[PDB]
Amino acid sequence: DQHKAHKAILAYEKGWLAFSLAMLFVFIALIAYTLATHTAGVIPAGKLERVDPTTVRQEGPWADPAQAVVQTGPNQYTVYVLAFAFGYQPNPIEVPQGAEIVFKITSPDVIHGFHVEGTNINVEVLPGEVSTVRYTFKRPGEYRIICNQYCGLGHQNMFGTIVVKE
């Protein structure tokens, strides 16, 4: 007891510090791992991509929502989306299964969120800005979109739909 106890403790905390570091690094390893296979698709495009929320919905690829799927590789589709006070455009978002879909998303009003229920597509939609993320829809069917950022009063209502085609 008393100062016999102080050594033990200081040495133990060392053992602790050590194991926390290892375990944390395994994590930084593991995190990084994901960061180099496909599934880092969902990480936003880090390049600044300025637009103008006032004219986003009148001019550009978000102005006409028949014109929001845009084939772009032998197996690629860009989707222009619009997240606006209290729905998403297009509704629905019809993309092919198997394909590399490239969502490009922006807002005429305030920030909303674009959470494609059942995936790690989880991007914040910022007025002034295009958020870009990749996804590869593997199994076909129906994916709901939930806005998961408070964008005012129709918030709890703000959903849309992705139909990955069979």
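One-based numbering along the sequence shown.
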| property | result |
| --- | --- |
| Candidate residues 116, 42, 36, 111, the one whose C-alpha B factor the record puts highest | 36 |
| Residue 47 CA temperature factor, ranked by third within the chain | middle |
| Chain-relative CA temperature factor third for residue 107 | middle |
| Record-listed C-alpha B factor of residue 65: chain third | highest |
| Residue 53 - Cα temperature factor, lowest/middle/highest third of chain | highest |
| CA B-factor ranking of residue 12, expressed as a third of its chain | highest |
